[PDB]
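Alright, here's a single protein chain in two forms, structure 1 and structure 2, each given by itself as structure tokens.
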Structure 1
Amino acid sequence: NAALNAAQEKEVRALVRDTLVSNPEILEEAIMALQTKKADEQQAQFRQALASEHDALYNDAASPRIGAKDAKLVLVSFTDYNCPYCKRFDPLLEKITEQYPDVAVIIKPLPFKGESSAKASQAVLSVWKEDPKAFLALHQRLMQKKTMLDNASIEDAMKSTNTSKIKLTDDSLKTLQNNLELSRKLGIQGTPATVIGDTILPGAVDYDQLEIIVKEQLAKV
């Protein structure tokens, strides 16, 4: 009919244009607010993915654990054996469980860096299931290696750790693919990726820096 007269309405239209164009900053405020909306959405979306797969993260038997089982705070460490930052990052992660009895870590091998991360992983898993107590040695050694993994040096590490006896089961591939499906469900794109409390860290971190985070979650009880 209508609620504004023709003239008024037309002027409104003109006012839109003029407002945004003569004052750009309003567009920036709108951008920022759309950004802030999308961020917040994702963050909540992660927080749900994370909260849903509690039982594959924390309660998988096939997944290797470092430190006590009862340990109040259990971290989760997505590592690739071929990833150079993981090799640098892992020792710390280990150090905390020795320093902090209440802390433990869980290992999730990922095959993205190469064929050998896959075979390596598979080995470590086979070991884990066939003999848990043994695992740490082989894990450690494989991480200690700087050079890229081949099928022999896997034998060589396995041998140098007295685990060469163990056959790579096929059951251990499921675990790999599961760590793989899992890393997708959490929208994890890279490695090392560490789960702590309700927070995830996709890179490597200084020790002192790490200690404050783990203490901060210790305080969360």
Structure 2
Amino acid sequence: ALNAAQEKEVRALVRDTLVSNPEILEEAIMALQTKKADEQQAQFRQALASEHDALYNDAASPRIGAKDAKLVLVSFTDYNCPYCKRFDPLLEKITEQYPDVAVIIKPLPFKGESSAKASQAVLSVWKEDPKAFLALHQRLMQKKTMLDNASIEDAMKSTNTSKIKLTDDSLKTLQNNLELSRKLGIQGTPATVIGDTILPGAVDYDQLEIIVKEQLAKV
């Protein structure tokens, strides 16, 4: 053992050490990144059921894939999130390889104004010209640099959506995405809803393919 008083001082040092040096946390996160484990969460079934219509029946939420689809994934993502930029082509590839599968995008504004603006832009484009959304979506994901208004205008120009107005209705959609994320325990991106579980972060295509196939099976 060790002094019953020393025990409680170690417990406090665990708290003070982590909160004061978040690089410790971020390195621990880096360490967890090297472990190939899907960290699927089932803590939120009730909340997912309770929010079914907000997840899957919101016409303002862009869709990649078939409206006909048998399985719909919900991607909570941020156009400025580096892991998001890399995880999205995997999600896209699922819909290409499994046409029975579609992905609903829920953009989030976590990394600031330009995230909010990009979110606004794609949501607006989706509402006015659904078929032009995917190109703009991809173009934003390809930006290697922190977005700003200039680089968003460029993305819209090179994807012929520059003439589409960013609307106020789209911001209501964005605030829904946010409150919805709040309720599903989603505090980081990318988070992916696949049936009853949430995939709290990005995974390898191999792991994603298996998870889709298992849920695509259940229906």
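Rigid core here is just the name for the largest C-alpha set that superposes within 1.5 Å across the two forms. Shifts are known only where both forms have a C-alpha. Counting starts at 1 with the first residue of structure 1 and goes up one by one along its sequence.
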Hinge check: of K95, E41, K159, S153, which sits where one rigid part gives way to the other between structures 1 and 2? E41
How far, in degrees, does the smaller rigid part swing between structures 1 and 2? 102
Aligning on the rigid core, one finds that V16 shifts at its CA between structures 1 and 2, in Å, by 28.8
By how many angstrom is the Cα of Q45 displaced between structures 1 and 2 when the rigid core is overlaid? 5.8
Cα displacement of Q209 between structures 1 and 2, core-superposed (Å): 1.2
Sequence-ordered runs, three or more residues, C-alpha shift 2 Å or more between structures 1 and 2, rigid core: 3-45
